[PDB]
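For reference, the structure is listed below as structure tokens.
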Amino acid sequence: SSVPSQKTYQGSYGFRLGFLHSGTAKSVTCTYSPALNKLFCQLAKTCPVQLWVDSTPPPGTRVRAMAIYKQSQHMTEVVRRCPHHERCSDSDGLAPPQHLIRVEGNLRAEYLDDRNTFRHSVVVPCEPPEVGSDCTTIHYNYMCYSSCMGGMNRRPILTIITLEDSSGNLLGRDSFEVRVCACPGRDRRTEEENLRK
Ligand SMILES: *c1nc(N)c(C#N)nc1C#N
Ligand SMILES: *c1nc(N)c(C#N)nc1C#N
Ligand SMILES: [Zn+2]
């Protein structure tokens, strides 16, 4: 299965991701670590990702999200939900049950099973910032734990976000590592202290 590029590429529109500050409390459902470039989140909980461009992209620009495995041994294997989570009765009517990454609160979200690579992705219309903001925000959900055997199985994943034209040509790309886990605040503090070692 063809390996998608993970190379950062701001492109003509200066495309880049951002995250707002969230903290490492016990109650946190979703927290981003700059030092790790890693997002820590709970299963099926809102993950706000901020989109930035230097200049407005043409109408019909889209934003696609795709997971891949981080380690090179596994980057050819397709990231999918585990055999147990794909049988849950949890489809919002848009997301197919095998897809790890969902978009929350956007009826124009489209889900793709690539016919040649078999990789999953979810894609939405790029939209201008809502009233009184300077970022466009997309809300993602991750539908499998990182520990789920027969799925990610403790293998780290990257989420790749690509800005695309209406034909799906690349306009820009950014990415971040993801851990879906029960206590994200605790796990973020854990991994951050290790990197200081
Ligand atoms: C998914 N969906 C349901 N309803 C249950 C239960 N009980 N477990 C999973 C999983 N994994
Ligand atoms: C996507 N689409 C539009 N129209 C705008 C604006 N303004 N920003 C993005 C992004 N990111
Ligand atoms: Zn699972």
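All ligand and atom numbering here is 1-based and tracks the order in the structure. Nothing fancy with the numbering, it's 1 onward along the sequence.
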- [ ] Can you tell me, to 10 degrees, how wide the angle at the Zn ion (ligand 3) is between SG on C148 and SG on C82?
- [x] 110°

- [ ] Would you please determine whether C135 falls within less than 4.0 Å of ligand 2 on a heavy-atom basis?
- [x] no

Task: Criterion ring pair (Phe, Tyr, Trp, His ring centres under 6.0 Å) against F176, the qualifying member of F19, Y32, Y140 - done: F19

TODO: Give a yes or no on whether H84 keeps an N, O or S atom under 2.8 Å from the Zn ion (ligand 3).
DONE: no

Open item on the list: Under a 3.5 Å cutoff, is there a donor and acceptor pairing between the side chains of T29 and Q42?
Closed with: no

TODO: State, with a plain yes or no, whether a side-chain heavy atom of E110 is found less than 4.5 Å away from one of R62.
DONE: yes

Open item on the list: Could you identify the N, O or S atom of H85 positioned closest to the Zn ion (ligand 3)?
Closed with: ND1

Task: Subset of ligand 2 atoms that lie under 4.0 Å from at least one heavy atom of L51 - done: 11 (N)

TODO: Each residue besides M75 in its hydrophobic cluster should be listed here, by chain and number; the cluster joins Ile, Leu, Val, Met, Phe, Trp and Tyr at side-chain heavy-atom distances under 4.5 Å.
DONE: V3

TODO: Would you indicate which of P58, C126, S55 comes nearest to atom 10 (C) of ligand 2 when only heavy atoms are counted?
DONE: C126

Open item on the list: Quick test of your reading of the model: are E86 and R81 salt-bridged, counting only N-O distances below 4.0 Å?
Closed with: no

TODO: Compare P83, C88, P97 and give the one whose heavy atom is closest to atom 3 (C) of ligand 1.
DONE: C88

TODO: Can you sort out which atoms of ligand 2 are near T56, meaning under 4.0 Å from one of its heavy atoms?
DONE: 6 (C), 7 (N)

Open item on the list: Would you say that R102 contacts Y142 through its side chain, given a criterion of any heavy-atom pair below 4.5 Å between the two side chains?
Closed with: no

